[PDB]
Ligand SMILES: *[C@@H]1O[C@H](CO)[C@@H](O[C@@H]2O[C@H](CO)[C@@H](O)[C@H](O)[C@H]2NC(C)=O)[C@H](O)[C@H]1NC(C)=O
Ligand SMILES: *[C@@H]1O[C@H](CO)[C@@H](O[C@@H]2O[C@H](CO)[C@@H](O)[C@H](O)[C@H]2NC(C)=O)[C@H](O)[C@H]1NC(C)=O
Ligand SMILES: *[C@@H]1O[C@H](CO)[C@@H](O[C@@H]2O[C@H](CO)[C@@H](O)[C@H](O)[C@H]2NC(C)=O)[C@H](O)[C@H]1NC(C)=O
Ligand SMILES: *[C@@H]1O[C@H](CO)[C@@H](O[C@@H]2O[C@H](CO)[C@@H](O)[C@H](O)[C@H]2NC(C)=O)[C@H](O)[C@H]1NC(C)=O
Ligand SMILES: *[C@@H]1O[C@H](CO)[C@@H](O[C@@H]2O[C@H](CO)[C@@H](O)[C@H](O)[C@H]2NC(C)=O)[C@H](O)[C@H]1NC(C)=O
Ligand SMILES: *[C@@H]1O[C@H](CO)[C@@H](O)[C@H](O)[C@H]1NC(C)=O
Ligand SMILES: *[C@@H]1O[C@H](CO)[C@@H](O)[C@H](O)[C@H]1NC(C)=O
Ligand SMILES: *[C@@H]1O[C@H](CO)[C@@H](O)[C@H](O)[C@H]1NC(C)=O
Ligand SMILES: *[C@@H]1O[C@H](CO)[C@@H](O)[C@H](O)[C@H]1NC(C)=O
Ligand SMILES: *[C@@H]1O[C@H](CO)[C@@H](O)[C@H](O)[C@H]1NC(C)=O
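Chains as they are written, first to last, in the authors' numbering: chain D, 47 to 320, 360 to 409; chain E, 47 to 320, 360 to 409; chain A, 47 to 320, 360 to 409; chain B, 47 to 320, 360 to 409; chain C, 47 to 320, 360 to 409.
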């Protein structure tokens with residue numbers, strides 16, 4: 047039973063060098079706030095109890111079941127699920143006692159996406175590997191990350207990868223932090239361009255005379271089209287607790303503007319049916374509406390240029406597990 | 047085989063201290079009435095049979111397979127599925143016999159959502175860990191919960207967490223109760239604002255004269271838009287057996303109001319085609374319809390302020406498993 | 047190897063008492079004809095070989111791995127998948143040899159839904175636990191069901207639960223039969239109310255004069271709305287091989303009625319464009374159409390009150406596995 | 047280690063009798079070309095090494111772990127995934143050495159659907175169980191199929207089941223072939239009836255005069271409705287590599303016909319706006374369009390009655406695994 | 047423990063011959079950039095330690111558990127998940143020491159799809175099997191691929207399969223490269239034909255006079271139809287980081303063209319309402374719009390004929406794992 051026990055480095059804790067290869071980051075689900083990735087962990091340590099004389103055994107390296115010798119069990123706190131692609135990994139031990147273990151795992155880990163500037167948003171995703179069964183006085187970690195992502199043509203691109211060992215911890219752990227940027231043009235072309243086109247179409251349709259019967263139907267059909275587009279957007283974009291994306295607010299403002307234009311058109315047409362004052366009011370409202378649309382565009386551009394989110398840290402983030 | 051047996055505390059049952067860390071609550075599916083969460087359970091007890099003299103073994107703590115020594119098997123009744131993120135957990139035993147076991151598990155547990163006040167609804171979710179293979183006279187539980195949720199920017203926010211050991215039980219168990227509040231603005235902006243806008247647009251379109259050919263098409267297009275919106279809402283909101291959400295009733299009432307307005311407009315236009362009495366009837370109905378819309382808004386606001394649901398407890402809730 | 051063998055009761059087969067607790071019935075998928083449930087099975091039998099003298103062993107009860115002593119392996123024929131929430135269950139054995147085993151399992155079992163009277167339909171769901179590896183002369187079952195469902199606020203409510211041991215069987219098995227009733231108002235409000243409203247709107251729009259240009263557009267927009275609603279319904283309702291739901295036939299009849307009204311309106315308007362006879366024909370058709378709509382409503386109400394389905398039993402139902 | 051080895055029948059290979067019970071065929075996904083089924087395999091063979099004298103052991107039958115004695119491992123080539131509903135099956139051995147093993151498995155197997163005549167299409171689904179670890183000179187199979195399907199009220203009904211052992215094979219295998227017929231009326235009512243109704247409505251709307259302003263809007267609204275219906279159909283029907291369903295071609299032809307009618311109406315109305362020749366051309370085109378619609382209906386009916394698909398066999402079908 | 051060790055070929059590394067049978071390629075998800083396949087790997091090597099004299103053991107071949115003798119553990123870097131359809135594979139060893147192992151596995155592997163020419167696009171999918179626990183000086187691979195795909199009637203057809211052992215590698219691995227071509231007509235008929243039909247309909251509707259009230263509604267309804275179609279396309283097509291499909295750009299250009307036509311029509315109609362110059366401007370714009378539509382068609386055809394994508398290789402592709 048002593049073989050299964052963690053090797054004793056002496057007064058200092060045992061040092062395990064971890065090399066992390068990020069094979070891919072495939073699913074990035076903003077709706078579920080989850081990021082899916084594939085990792086290869088190479089864990090290397092020294093176990094002098096496993097060292098053998100080369101004269102007795104000619105082999106320079108052997109393979110042993112992971113349940114025979116001591117292997118540090120790693121658990122990811124943020125991972126919704128972990129799938130280890132090896133049922134029973136085999137640890138490779140050199141003649142000097144160096145033990146190297148290779149683990150391939152696909153993990154769906156929780157990531158806090160800052161979706162305020164969607165679609166051009168940047169987020170930080172953290173994968174914290176914890177050795178729950180061990181203590182900091184017994185185990186120490188050196189984590190190195192190697193960028194080996196096999197796919198680059200995706201909506202989200204990882205552009206910064208790093209590893210850190212947080213100080214003042216009781217449970218030994220290492221955190222791999224990556225930065226995700228969204229470069230997908232699907233959302234923009236899908237929603238923003240049709241929305242701007244519909245808004246400009248409504249602005250130009252405001253030129254139609256009040257007495258024309260084709261103006262009301264035109265405006266209402268545009269309103270229905272924008273209602274469909276807004277429904278698609280809101281069903282597509284996730285809703286945060288504190289910092290919702292600016293796009294939903296922008297589309298809500300545009301929807302209210304289109305509704306206001308349609309209601310004004312219908313009300314003034316009805317009043318005129320019962360240059361009269363409805364026509365002058367319609368012209369004044371058209372000028373005011375064009376000015377307001379331009380002002381709304383400029384104000385939202387300024388907001389997008391200078392918006393900030395002071396999202397309060399979650400209890401897990403503010404007070405992480407296994408510290409002090 | 048005696049090692050696998052539960053330790054004997056004597057006349058009193060063995061005491062196990064359970065510390066629960068809620069890492070995240072990620073999926074909250076109202077349609078399926080399920081809540082998905084990640085938990086870390088630290089179970090600590092005393093096993094004097096495992097105590098060893100420090101002189102014989104210099105190690106101050108050892109790690110053993112969970113199938114070697116006695117580990118209490120915990121089963122969650124409400125959990126649709128449980129995924130233990132460790133294939134074979136390792137129990138850490140101190141020199142004095144104290145055994146500590148760390149279990150990381152992702153569970154999809156049944157939660158009874160009170161959806162009457164959707165979207166601003168509060169619900170209670172309970173996770174009941176049961177030691178089915180043991181009896182109350184043999185095992186006792188002390189459950190402590192620590193709020194370590196890593197994500198706060200989600201639709202549902204946990205704002206109250208507690209643990210309890212129900213009295214007069216035959217199967218030892220402990221229940222973790224959490225409170226879920228919905229702070230998502232996606233539903234409101236998606237549905238309520240377009241619905242109110244369409245209702246006000248129909249009210250203002252009632253101003254159009256009966257003889258106008260543009261009024262019927264306007265009202266029917268608005269009716270189609272609200273039909274699409276109502277279909278989206280009803281396909282989005284789940285249906286409870288007894289207390290359905292107030293939103294579906296509100297949207298049904300608004301849909302009936304819009305249908306009544308359209309049918310009145312069409313009928314009176316047809317009668318007029320065959360100040361005449363259809364025009365006076367149209368004006369009277371317009372006044373009555375505006376008054377009725379305002380009254381419906383006020384009555385539903387009052388209902389929302391003072392609605393209650395005396396939802397009868399389920400047989401599992403009224404008569405919980407393993408009691409007396 | 048004799049311990050793993052089934053205990054010998056003598057000439058009579060061994061008797062196993064099974065207590066079934068239905069924790070929840072969560073997914074009821076009519077489209078897939080599957081019902082998902084969670085069950086707790088307490089299996090109790092007598093094994094005199096495991097009995098021990100209390101003088102030798104002070105323990106009054108012990109726990110053993112399920113692979114050490116004989117445990118009856120239960121297989122569900124109708125279950126699409128079974129998930130046993132315990133990797134290795136532990137059997138509790140008393141000093142007298144009584145063995146009790148607790149198994150928690152989540153099962154997706156096939157259920158034959160009688161969807162003729164959707165949404166107010168009642169169905170029978172059967173879960174047949176079979177001991178395939180054993181014979182009837184060796185194993186006997188006593189099955190008891192306890193209603194411990196934890197959620198009652200769902201679309202489908204279980205209102206009758208029972209257990210039975212079919213006679214003249216070769217493979218020992220026990221069947222848990224439950225009755226599912228649908229109390230969801232989502233389908234009704236979603237589909238029936240808009241359908242009736244659109245039908246009545248078309249009936250009232252038949253009042254519009256033939257020469258009016260607003261009648262054709264009104265009827266066609268209503269037709270498009272009902273086409274969308276009918277598409278939503280047919281994509282929502284499953285299609286049985288023999289007894290399809292009455293709702294799809296009702297909506298098809300209403301869709302044909304609306305198409306007939308629109309085609310008549312367009313044809314007579316075109317003929318009139320080229360009191361004339363088209364107007365008299367339009368009035369006669371309007372009267373006939375109102376009468377036909379009322380007659381269709383009454384006839385379908387009578388059919389719903391007196392419809393029956395003599396659905397032929399499936400080969401598995403007519404000839405169940407392991408009989409004679 | 048000799049117990050695990052396959053029993054020696056002598057010069058002839060060992061004979062294993064396989065009885066297959068098809069409990070259900072639940073998912074039949076045309077889009078993924080996969081069919082999901084549940085099977086119970088009873089494998090019986092003779093192992094004289096396991097025979098015991100009744101005098102020494104009074105038991106007439108024993109149960110052994112499947113990893114103790116030789117059990118043929120069966121692999122399905124077409125199965126996307128297999129789920130064995132028993133973690134560790136137990137083999138029942140009689141006193142004479144007869145070994146019977148019961149395996150319950152849910153499999154998602156690839157099936158080549160002939161979707162040319164959708165929805166009234168017939169397909170052949172094959173499940174090939176292979177003993178990869180064994181050779182034909184060592185193992186032989188006798189496969190019998192019993193129709194025990196528990197659900198008959200589904201879209202696809204199995205009406206023919208058979209088993210075969212292909213000749214001239216090196217890897218012992220047996221193939222269960224079943225015939226699937228689609229009896230679902232959901233697709234027909236959902237798509238064909240609305241399509242025919244819209245086509246006839248457009249034909250009747252061709253009666254409207256060219257100078258009428260209501261004709262263009264009518265035709266365009268019908269065109270939009272048929273566009274929505276065609277989009278729903280094409281997103282519903284899968285696309286084969288060589289033999290696509292006739293329904294998509296039929297709906298494409300109808301969509302082109304409706305577009306041609308709308309374009310002709312708009313062009314001639316515009317030319318007339320600038360009995361004149363546009364009116365005579367419109368009447369001639371109306372007659373030609375009615376004749377063409379009738380001819381298209383008759384030609385497609387004849388094609389449906391006499392269409393054939395000589396789909397080239399896949400490399401796996403033409404050259405099956407483990408032959409010669 | 048020496049049996050589990052890799053056999054020693056001497057100075058040269060041990061040679062393992064791998065035969066790969068591709069049973070099927072079923073899911074090809076462009077949105078997730080993943081390809082799902084089923085493979086059968088036959089791994090053959092020589093282990094003289096397992097050779098036995100035929101005089102002692104009459105058997106010419108034996109079967110052993112994969113955990114008894116040395117079996118090379120293969121890991122796929124690009125595979126999102128791997129499902130080995132055998133819980134415990136059995137290795138067949140001949141009398142001369144030749145060991146053959148058959149592994150059936152269903153894998154979802156990452157594939158970089160070149161979607162620039164969608165739907166008629168060709169892509170390369172690579173499956174890299176790595177022996178992480180071994181070194182190149184100890185293990186060598188010979189990989190052979192056999193095309194045994196059981197389904198050919200799918201959207202994506204594999205038309206080229208090959209195997210390669212990359213040179214200058216430290217971790218022994220072999221790569222199976224296949225070529226995927228899309229032959230599905232679902233996308234074309236679904237989107238391109240309706241888009242071209244709507245564009246030509248708008249072009250022909252430009253013939254309508256400016257003063258006509260039916261022109262604006264016609265153009266706006268066509269615009270709404272194309273908006274729905276464009277939304278369906280963009281929600282259907284995935285978005286790459288660098289080389290988006292040409293279809294989304296084409297549909298965006300067509301949508302902008304339709305919006306420009308509608309805005310011009312509405313603006314000039316409004317100006318005319320307030360041969361006049363609006364009519365001459367409308368005719369000139371109609372000619373310019375027809376010319377521009379034809380020019381856009383020709384330019385996009387030329388682009389499609391001569392477009393190229395120099396997609397930069399991903400860090401995993403440029404620097405593959407286990408080299409030098
Ligand atoms: C045992 O503890 C010592 C001290 O922490 C470790 O030695 C350190 O190793 C790292 C990198 O390998 C160096 O950066 C430090 O400078 C070293 N410190 C000293 C005092 O030497 C040693 O690696 C540990 N050995 C094992 C097997 O864990
Ligand atoms: C054995 O039983 C005793 C009595 O229940 C336990 O002692 C109690 O422990 C809790 C907290 O540890 C205290 O709140 C009580 O005051 C204690 N009661 C008494 C009489 O001392 C004891 O913890 C149990 N020991 C084990 C190993 O389970
Ligand atoms: C052995 O067989 C006998 C006879 O079937 C079983 O005794 C019956 O038990 C049930 C309920 O426990 C009673 O309803 C019957 O009246 C009993 N019949 C007789 C003749 O006693 C007995 O339970 C079986 N014992 C075991 C361990 O299986
Ligand atoms: C051993 O081989 C013989 C010959 O194939 C098998 O005997 C045959 O069994 C089948 C059905 O059981 C009969 O249809 C044949 O007529 C039999 N042939 C002969 C020559 O007898 C025998 O079943 C095999 N025994 C075992 C244990 O596999
Ligand atoms: C041991 O190493 C030798 C040399 O690599 C292997 O022999 C080669 O085998 C391949 C195909 O089997 C031939 O193409 C080469 O020509 C052979 N080279 C020589 C020098 O013979 C041999 O296969 C290896 N043996 C084992 C068990 O791995
Ligand atoms: C992400 O982490 C880095 C520190 O490594 C920090 O500078 C940056 O502000 C973070 N970005 C976001 C969007 O949180
Ligand atoms: C939830 O539980 C608390 C008791 O802890 C209770 O006071 C409260 O009424 C419950 N809330 C709901 C919505 O049931
Ligand atoms: C369900 O089973 C009961 C018998 O327990 C039977 O009386 C009833 O007719 C069945 N109901 C249906 C809808 O099949
Ligand atoms: C299916 O298999 C049978 C032979 O058993 C064959 O006669 C028939 O033509 C096949 N049907 C189809 C649609 O391939
Ligand atoms: C795919 O791989 C082959 C080499 O085998 C190469 O010639 C070809 O250009 C590649 N095709 C694509 C689309 O990358």
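Idealized CB from N, CA, C, for every residue including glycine.
Secondary structure at residue 261(A): helix, using DSSP grouped into helix, strand and coil.
Beta-bridge annotation (DSSP): residue 168(D) is paired with 227(D).
In this structure, the straight-line span from the alpha carbon of residue 49(C) to that of residue 130(D) is close to 26 Å.
Taken from the Cβ of residue 58(D), at least one heavy atom of ligand 1 lies inside 6 Å. With a cutoff of 6 Å, residue 148(D) does not count as near ligand 3, since its C-beta is closer than that to no heavy atom of the ligand.
Uninterrupted beta strand (DSSP E) stretches at least 3 residues long and entirely within the stretch 97-138 of chain D occur at 107-111, 125-130, given in chain order.
Around the CB of residue 362(E), fewer than 16 other CB atoms lie within 10 Å, so the residue is classed as exposed. Between residue 260(E) and chain D, the shortest Cβ-Cβ separation is below 7 Å. Under the three-state reduction of DSSP output, residue 93(A) falls in the coil class, being neither helix nor strand. With a cut-off of 6 Å, the C-beta of residue 168(C) is classified as near ligand 10, since at least one heavy atom of the ligand falls inside that distance.
Partner residues in the beta bridge of residue 219(C), as assigned by DSSP, are 176(C). In this structure, the CA atom of residue 268(C) is about 53 Å from the CA atom of residue 150(C). If the five residues before and after residue 74(C) are omitted, its C-beta is found closer than 6 Å to the C-beta atoms of 81, 202, all from its own chain and listed in chain order. Between the alpha carbons of residue 51(A) and residue 98(A) lies a distance of about 18 Å. The distance from the Cβ of residue 247(B) to that of residue 311(A) is about 10 Å, inconsistent with a contact at the 8 Å cut-off. At least 7 Å separates the beta-carbon of residue 384(E) from that of residue 249(E).
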